[PDB]
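These notes concern the structure reproduced below.
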Amino acid sequence: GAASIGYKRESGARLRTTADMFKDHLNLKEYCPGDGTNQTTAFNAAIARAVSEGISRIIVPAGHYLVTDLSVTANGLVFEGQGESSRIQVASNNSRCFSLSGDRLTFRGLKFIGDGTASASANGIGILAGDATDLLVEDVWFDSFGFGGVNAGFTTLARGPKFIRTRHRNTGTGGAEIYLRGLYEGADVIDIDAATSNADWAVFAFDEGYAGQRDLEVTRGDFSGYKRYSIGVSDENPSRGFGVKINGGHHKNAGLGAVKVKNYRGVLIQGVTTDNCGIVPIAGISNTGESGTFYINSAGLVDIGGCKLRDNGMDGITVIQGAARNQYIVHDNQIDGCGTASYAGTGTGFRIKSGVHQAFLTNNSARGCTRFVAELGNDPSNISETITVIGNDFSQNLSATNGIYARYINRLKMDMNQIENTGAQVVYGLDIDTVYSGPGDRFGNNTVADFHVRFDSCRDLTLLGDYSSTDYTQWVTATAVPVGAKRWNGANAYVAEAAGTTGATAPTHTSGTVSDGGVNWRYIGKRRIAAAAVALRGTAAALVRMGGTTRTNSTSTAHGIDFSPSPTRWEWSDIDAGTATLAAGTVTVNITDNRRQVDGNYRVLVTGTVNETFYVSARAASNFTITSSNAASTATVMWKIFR
Amino acid sequence: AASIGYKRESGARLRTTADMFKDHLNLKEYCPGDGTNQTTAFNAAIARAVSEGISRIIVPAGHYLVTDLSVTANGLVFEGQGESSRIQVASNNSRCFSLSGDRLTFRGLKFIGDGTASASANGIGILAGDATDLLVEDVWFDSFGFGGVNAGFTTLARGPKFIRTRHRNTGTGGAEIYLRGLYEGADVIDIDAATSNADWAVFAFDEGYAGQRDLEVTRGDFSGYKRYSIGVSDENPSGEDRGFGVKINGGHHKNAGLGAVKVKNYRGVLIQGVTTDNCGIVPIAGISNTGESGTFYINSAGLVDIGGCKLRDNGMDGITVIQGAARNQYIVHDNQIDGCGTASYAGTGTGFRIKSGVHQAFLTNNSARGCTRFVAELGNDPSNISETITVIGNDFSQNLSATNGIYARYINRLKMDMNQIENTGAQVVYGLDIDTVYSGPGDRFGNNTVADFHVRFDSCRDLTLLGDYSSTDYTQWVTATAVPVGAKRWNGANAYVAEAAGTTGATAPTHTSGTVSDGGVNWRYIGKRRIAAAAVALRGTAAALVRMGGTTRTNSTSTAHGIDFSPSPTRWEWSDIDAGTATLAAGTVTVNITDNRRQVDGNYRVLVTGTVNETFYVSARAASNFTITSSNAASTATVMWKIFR
Amino acid sequence: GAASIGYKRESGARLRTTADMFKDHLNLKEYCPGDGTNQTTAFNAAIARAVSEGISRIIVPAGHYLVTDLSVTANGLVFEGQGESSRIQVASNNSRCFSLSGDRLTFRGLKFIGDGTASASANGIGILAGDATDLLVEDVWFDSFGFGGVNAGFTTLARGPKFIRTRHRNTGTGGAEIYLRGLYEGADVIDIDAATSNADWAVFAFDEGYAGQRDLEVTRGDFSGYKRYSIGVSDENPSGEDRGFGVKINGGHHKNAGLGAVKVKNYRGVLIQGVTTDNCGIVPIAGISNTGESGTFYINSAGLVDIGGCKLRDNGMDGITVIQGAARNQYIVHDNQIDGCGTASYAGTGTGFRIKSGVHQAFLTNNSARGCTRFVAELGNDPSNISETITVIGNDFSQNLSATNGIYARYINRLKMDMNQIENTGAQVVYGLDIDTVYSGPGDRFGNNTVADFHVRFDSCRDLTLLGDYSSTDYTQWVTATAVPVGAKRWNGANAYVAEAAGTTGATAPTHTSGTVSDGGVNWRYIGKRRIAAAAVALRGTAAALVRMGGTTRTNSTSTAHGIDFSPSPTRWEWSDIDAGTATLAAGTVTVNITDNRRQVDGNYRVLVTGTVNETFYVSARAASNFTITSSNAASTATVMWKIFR
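Protein chains in written order, with the entry's author numbering: chain B, 103 to 341, 345 to 428, 439 to 758; chain A, 104 to 428, 439 to 758; chain C, 103 to 428, 439 to 758.
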């Protein structure tokens with residue numbers, strides 16, 4: 103037949119037959135009809151024929167190949183489908199299409215189809231791999247599998263699989279689209295298209311008892327609607346390599362969150378964006394402290410940056426340590452909404468409980484939190500050592516109860532932070548040995564007649580920041596205001612959303628935007644509602660050190676000081692200074708309004724300009740008197756106020 | 104051929120040679136590929152593949168002239184074998200394909216147009232309307248009057264994927280990749296885009312359709328586009344649903360007319376690790392002189408995070424982030450500008466432009482060189498007030514051509530620390546109409562280029578200035594002295610740095626630019642020595658509070674004090690100015706204030722207590738000295754004093 | 103034969119022959135038997151047939167094609183292998199399989215095999231390229247080549263190659279898997295699989311005398327075992343880099359590298375992000391490692407350096423090294449982590465951060481380092497080239513017990529520091545020498561020595577401002593039968609400990625200087641020494657012109673009560689807000705005690721005081737720990753307010 107029909111492209115070519123042109127390759131339909139019947143025996147023969155002839159690629163043309171648990175133990179084989187019409191279906195309940203042990207296998211251009219049934223994480227699966235190294239899975243569609251697409255496990259260190267542009271649909275309850283087990287290096291998930299209504303995970307990894315290197319790098323996926331996290335990554339026995350890297354992708358509609366990590370040595374999450382994740386809490390999980398669209402638990406190294414997490418139904422970013440030690444950096448992230456699911460004990464922007472790790476919170480911002488914008492430490496069992504806070508913006512969280520909630524910390528460093536119009540207490544610290552809030556810090560503008568900054572049973576406190584209330588300019592009719600200007604009326608404050616001219620309807624609303632007649636005013640918070648700027652409770656502080664940059668002004672009192680258990684030593688440098696001129700041998704000097712004191716126990720220094728003895732005869736909360744030995748004194752004296 | 108039997112071995116199926124062919128669909132089974140108009144035959148191949156249930160259509164080497172090939176089915180794979188698999192448009196102002204089918208893919212092809220176009224859906228290789236999961240990979244688009252692919256969407260689905268697409272010779276006003284409507288997961292990976300006439304490489308707009316519009320660009324190559332390489336626009340961003348916006352991850356841009364990236368109203372912008380060179384080099388009248396300037400131009404985005412971007416030889420501005428009139442962070446961090454204003458356009462040449470309005474902005478660990486206008490201008494919109502801009506650890510030094518290092522205006526609160534600006538601007542930092550200014554102890558703004566103020570503030574209410582605003586007191590250039598490389602010496606009005614270690618020659622350096630050799634050492638000009646008229650100056654309406662401390666440096670300018678308050682502040686606090694102990698003689702001492710802390714007047718406060726039973730008082734106070742006298746006209750006591758405001 | 107057998111899919115299709123269906127493509131086996139014989143003449147005839155027929159793709163089925171120096175000069179060709187059994191082996195020693203000069207060529211799905219021999223960088227190679235622009239090479243395996251897989255050179259600016267998922271094995275002595283020469287734009291190495299025992303580099307690039315743009319981007323490779331650096335990149339004329347940035351490295355994992363993972367010499371731009379390494383720099387080389395060149399990242403004299411998000415574990419020699427000799441853009445090192453250093457015990461070596469910036473303004477932000485010998489971070493330290501500005505923000509260098517210095521700074525003009533955390537590292541936590549201006553903000557914490565030495569020491573520095581916490585931690589004592597939470601810190605003897613678990617104490621005090629040992633009920637981990645420092649702040653060398661401290665400065669709880677050890681005293685010493693309070697006289701005088709933490713080194717400090725009544729008050733005496741206030745009235749019972757400062 104074909105073996106007797108010679109073929110020659112031109113005279114200079116070899117003399118071959120039309121059969122030779124076909125035999126250079128291996129068409130699957132030389133063995134399989136592709137008519138939707140059970141074809142496992144034919145498929146197995148074609149795999150074995152390629153191995154026997156020394157051929158790698160097996161062309162899978164358009165067809166329907168119903169097939170059960172195919173074993174391939176050879177190495178170089180390429181299963182090259184021509185498109186989504188190259189359909190490979192499971193033929194039985196609770197089974198799979200392929201069982202892989204050969205190395206350097208590659209699947210391409212195929213559509214795998216299941217039957218929606220599964221009796222194990224090793225069934226209801228397109229492909230089960232066991233120590234199949236360097237597995238390449240590219241441009242393949244997994245549809246209607248009871249558990250997922252590929253389950254790859256390893257019992258000895260080797261190259262992990264590469265999933266490039268895999269499509270996953272209709273997976274069903276309790277499933278993982280990609281299931282990695284054991285120890286591996288160089289595993290990659292690139293441009294995944296994951297979307298379900300019932301499956302738990304898109305990418306799941308578990309050690310399965312085996313210890314050692316597990317290098318996974320997920321870049322640029324699309325994850326939709328997974329009931330547990332989109333990417334689940336677990337090591338139960340931490341005890345070479347780095348860990349997991351997540352370089353981007355978009356997540357939405359996830360039930361618990363986008364990323365969960367357990368006990369991995371190193372964690373690198375960069376540029377990930379989520380929306381409406383963690384929107385279905387699970388009783389028995391979400392109320393046990395595990396909450397957050399990022400949930401990183403007991404990792405040796407954590408670096409999450411450039412991540413934009415919007416409308417989180419539960420907590421935002423949660424980084425927790427239990428009981439190797441490396442950095443916890445949370446930098447350049449944004450949280451837009453938190454607690455949209457209205458789950459109790461939930462709605463926190465940043466949950467950083469670092470413990471032995473020295474944490475770094477840098478240049479983050481958060482909006483729309485219902486619990487704490489950032490809670491730091493807060494474990495009576497496991498003390499967090501060092502947490503330093505640089506240049507964060509936790510403003511405009513009117514539904515939060517605390518801007519920063521910090522407890523059970525050894526040293527808390529803060530500077531350049533901006534938190535306005537959030538929380539009953541803007542910053543609330545408890546049981547912290549050493550707190551430092553630099554001059555660049557700004558914590559103020561309450562939502563409730565309470566303390567801007569409160570510290571309970573904290574030993575060493577250095578507070579140099581601006582903890583005042585904003586002394587807003589008042590709202591007036593028929594005055595020119597630019598968009599961004601801030602006026603106050605009654606008990607509230609507002610921002611202009613459009614440059615214009617003031618109407619006659621003075622703003623009175625407590626939420627949203629309302630036109631005053633022409634100008635649109637948006638509510639931002641309350642005006643000077645705080646009961647005090649800096650408050651102390653619990654056991655007495657050993658030291659409270661303030662300076663010339665500390666601002667406690669414009670609250671309900673002139674001083675903004677509320678120490679109910681008084682600190683054993685309260686230092687305050689450069690409170691006030693000036694020059695006065697005596698008359699009839701006396702002056703009573705008025706302290707500037709922003710630095711009026713809580714009592715008259717502050718220290719005063721004074722030296723005169725003439726040969727007279729000057730002394731401080733009285734000290735009040737808002738003034739002090741300087742008298743001279745000359746009852747007719749008219750001299751000038753220079754004075755200084757401090758503690 | 105249907106009668107010629109074929110069998111691999113005895114255990115295989117008995118098939119014909121025609122059966123082996125019919126498993127696939129060769130396009131040349133219908134199209135001759137000889138350069139003639141073959142739309143009818145091409146359509147029959149497409150229609151045959153759909154009826155046979157075949158996805159892949161193999162497109163061998165050939166020349167296929169084609170016009171408006173409609174495909175509505177979903178499985179099809181148009182698989183060319185390389186660049187000789189040529190598909191040409193066969194009509195003016197038309198296209199090769201019109202797709203509505205989902206999961207389509209094109210591979211290994213070369214599309215050729217005819218340089219003509221009349222609308223964005225003409226002069227196009229492929230038009231797509233609601234064609235979901237479009238993959239377009241390793242295909243070359245050449246000579247298309249408008250562009251390569253136009254993909255639009257009216258309902259939310261998977262956006263297109265363009266992998267290693269090549270674009271050449273497009274044409275005036277064209278866009279290589281047109282994106283319309285709402286979509287998720289759009290990807291442009293490793294694009295090879297270059298023109299002499301086209302306007303954009305990637306252009307995306309809503310066309311009235313609100314919703315999620317997620318586009319990601321990674322590691323492209325963009326050269327020559329007369330507008331921006333990547334332009335992206337939304338008109339109803341409140342309806343952006345469950346999306347984020349635009350992400351740009353790498354790639355190199357060059358020779359762009361206006362810039363590399365333009366964004367308008369997108370809810371989220373992520374630009375990371377992008378490098379440009381010679382971008383913004385062809386200004387356009389009516390655009391470039393209206394405030395739209397900068398090789399990155401981000402206008403009214405809800406969230407902006409650009410980092411690790413290195414922008415070289417910008418013809419206009421560098422990075423511009425502007426707000427009009439949801440409210441999220443503006444982070445510009447770890448970026449670099451090497452040069453600006455190389456086109457010599459008026460009102461143009463600013464390194465950083467951050468007008469953030471309600472957005473809380475962060476400027477952290479950036480650096481800029483070669484700026485001509487401002488190195489960074491913050492706020493500066495009388496209409497729209499910028500709330501908070503905090504500036505940590507930036508390097509704006511060695512911009513000898515800039516008029517200001519930092520020009521800030523119309524901000525409510527400006528927080529700065531750890532910044533380093535030397536040898537830039539007539540005024541290093543110029544603030545106007547700012548309510549609260551904080552400059553931490555790590556801030557260093559000094560070494561003018563003109564006899565002017567290091568740090569000037571106009572009509573600013575609350576000023577806290579704890580940084581080093583001094584002039585560097587360079588040591589003088591000397592002959593026959595060994596200098597290490599990196600050493601700084603002054604001669605005349607100019608300061609210099611050593612390019613090599615060695616021993617100075619005999620001819621003192623007197624140049625105001627470049628590097629000239631003394632007899633044995635090459636000296637590079639770096640700026641002017643102690644030329645400043647003052648370190649800290651105030652103008653406009655009086656400041657309510659000026660607060661300095663023991664770290665504030667105002668020394669070594671033209672004056673000993675470095676203060677120039679033409680409207681004096683209503684309150685001036687300066688703690689820890691000077692202190693010491695003096696021992697009296699004949700009942701008096703006149704103490705000299707330390708050189709670096711000499712004052713502008715004698716209105717500072719003096720405290721002093723004695724060592725013995727005498728009354729001690731301060732009888733005189735001047736700008737540079739003050740006297741302490743005692744009751745005992747023969748006093749020899751030691752007194753401890755302190756100077757402050 | 104085949105040309106007379108008609109084929110027709112259906113009535114509506116063209117009537118062709120079975121030969122026409124084959125003549126649409128070009129099967130290589132139409133000219134080559136693939137039987138292991140020398141087939142270069144046949145392979146050349148196959149390539150030439152594709153060119154004259156206008157076909158691009160040449161299908162390479164499973165087979166063994168022995169081949170030598172195949173020249174292809176045409177442009178569109180695609181060499182389309184079918185898998186790893188598509189084997190193209192070199193036929194001669196010291197030779198190559200291909201020599202490319204054509205543009206837009208692509209190789210896909212092949213396995214190239216060498217014979218282990220090489221006599222030059224252009225031999226022992228799978229593919230030599232010369233001005234072969236727009237080269238793509240994807241999913242192809244290079245094995246057993248004497249020098250490497252691809253050597254691509256360029257003499258005029260054009261688009262460099264793209265190596266996508268290329269596998270490299272068994273390259274041998276002194277080779278480089280990928281060799282880029284000359285000037286180019288848009289070169290890419292994506293997802294490389296690189297592993298050898300004998301090769302020097304995975305990716306290497308140098309100018310070869312051609313100045314211009316040399317843009318290279320590496321993304322997400324796998325590198326193991328290379329005797330030099332995994333990625334080596336070099337230029338000798340950098341000023342004329344034309345319209346190009348430099349080299350970008352965006353991830354990948356390196357391991358078992360001889361010298362390091364990345365080397366750069368004189369590139370205008372360097373961008374490294376997200377790279378993780380393990381056990382790199384483990385085979386030092388005499389004549390290199392002991393000449394200053396050390397570090398798994400070694401960036402020498404680059405014009406711009408931004409490295410961030412990199413995690414370097416178990417470095418044999420040095421961590422990140424950034425050096426500049428003698439355009440002038442930023443040096444940013446941020447958000448990086450060193451986990452181990454100096455594991456190879458090589459001399460003069462073990463430093464986590466080596467930053468020699470010179471004219472570049474350097475930034476050290478939010479980095480951490482552990483397990484360092486030598487110095488955790490050494491800044492400047494070049495008697496040649498002064499480092500002009502280095503500013504160090506929010507770094508954590510704590511718990512490097514085996515290091516001699518946390519920070520060793522030298523030959524810097526201006527050193528700015530704040531928000532750093534360095535506890536339990538070094539004989540001196542921070543040691544600065546020959547620095548003109550030093551600033552250490554109130555958020556800095558440098559304390560808890562490992563030697564009876566100085567927490568912070570400065571030699572021959574001119575302007576020093578120290579506002580941070582340089583105290584010894586005053587640990588609470590370990591006591592029997594007291595509940596402790598995990599993370600608590602107690603002391604015993606000369607050592608301090610931290611708890612590994614909550615519970616109640618035992619009855620055997622911790623006496624170990626390493627690791628973890630149970631006391632009976634709780635396991636205590638050794639973390640450092642207790643109050644061992646001789647002084648908090650020390651000054652040597654030429655006298656400082658100014659030492660400025662403030663109310664936030666901490667020098668307490670060391671060996672002495674003051675923490676001061678100025679051997680050449682500074683010409684001016686300002687210390688604001690040392691202490692203050694109110695005293696009440698008795699029999700005319702009081703002697704006020706300075707608080708324990710702020711006890712002074714002498715009685716040369718200043719005192720201010722004013723009284724509450726009409727009496728003349730003065731300070732008749734001042735001692736290191738106390739001063740006396742007396743009045744004119746020898747029966748004074750008056751209250752007086754005072755303040756201590758310098």
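Don't be surprised by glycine CBs; every beta carbon is placed ideally from N, CA and C.
Provide the residue span of the alpha helix (DSSP H) that contains residue i, from first to last.
{"i": "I190 (chain B)", "result": "That residue, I190 (chain B), is in no alpha helix (DSSP H); its beta strand (DSSP E) goes 188 to 192."}
{"i": "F124 (chain B)", "result": "120 to 125"}
{"i": "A150 (chain A)", "result": "142 to 155"}
Do residue i and residue j have their CB atoms nearer than 8 Å?
{"i": "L373 (chain C)", "j": "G411 (chain A)", "result": "yes"}
{"i": "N368 (chain A)", "j": "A313 (chain A)", "result": "no"}
{"i": "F558 (chain A)", "j": "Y582 (chain A)", "result": "yes"}
{"i": "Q315 (chain B)", "j": "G334 (chain B)", "result": "no"}
Buried or exposed: which applies to residue i, given that a residue is buried once 16 or more other Cβ atoms fall within 10 Å of its Cβ?
{"i": "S106 (chain C)", "result": "exposed"}
{"i": "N497 (chain C)", "result": "buried"}
{"i": "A164 (chain B)", "result": "buried"}
{"i": "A388 (chain A)", "result": "exposed"}
{"i": "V659 (chain A)", "result": "buried"}
So what does DSSP say about residue i, is it helix, strand or coil?
{"i": "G518 (chain A)", "result": "strand"}
{"i": "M529 (chain A)", "result": "strand"}
{"i": "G342 (chain A)", "result": "helix"}
query: Which residue spans inside the region 360 to 426 of chain B form an unbroken beta strand (DSSP E) run of at least 3?
result: 364 to 367, 371 to 375, 378 to 380, 399 to 402, 406 to 410, 413 to 415, 422 to 425
message: My parser needs the beta strand (DSSP E) runs of 3 or more residues fully inside the region 680 to 741 of chain C; what are they?
response: Note on the region 680 to 741 of chain C: whole beta strand (DSSP E) runs with a minimum of 3 residues are 685 to 687, 691 to 696, 701 to 705, 718 to 723, 729 to 734, in chain order.
field: Those runs of the beta strand (DSSP E) which lie wholly inside the region 265 to 298 of chain A and span at least 3 residues
entry: 269 to 271, 278 to 284, 286 to 292, 295 to 297
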